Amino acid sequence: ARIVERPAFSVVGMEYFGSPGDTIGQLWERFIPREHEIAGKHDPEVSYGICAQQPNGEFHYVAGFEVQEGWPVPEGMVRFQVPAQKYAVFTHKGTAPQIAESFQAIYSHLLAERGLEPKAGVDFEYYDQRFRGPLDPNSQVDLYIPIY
């Protein structure tokens, strides 16, 4: 795992709430045809799966792009602020639905085995050109885990 610090950054995209009928996979499927609408992209080759939490504890997910500030947020989309954090970066090898299994393995075992101490914040999936499709077993996705 790689240790990285990043300043705060802005993400624009479409969101999913853990509390009816929707899924993260359905979120990405409806977002894909609309990704080109987002102006101000830092890097259109990179997308994010933001795993955040509402104050009430509800799981909150945003599929989006890092953007320079000051450009529009399209209809049906939202801006999300990722705060400045320090991260342990784990490379997940497998499908997009298997990301959930990697999160469980990381939090339940891999952090402690590496001596990395998690710090509650905003986690994210980092999709670059190593991501070949949601069901490709050879896809890679980096998982940024906030740490002390």
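Residues carry their position along the shown sequence, with the first being 1.
In the deposited sequence, the stretch from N138 to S139 has no residues without coordinates, so the chain runs on without a break. Relative to one another, 63 to 71 and 106 to 114 have unequal mean CA B-factors, and 106 to 114 is the one with the higher figure. Two stretches are in play, 20 to 28 and 120 to 128, and the higher mean C-alpha B-factor belongs to 20 to 28. Sorting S47, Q85, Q81, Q53 by the CA temperature factor given in the entry leaves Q53 at the top.
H42: CA B factor in the lowest third of modelled residues in this chain (values from the PDB entry).
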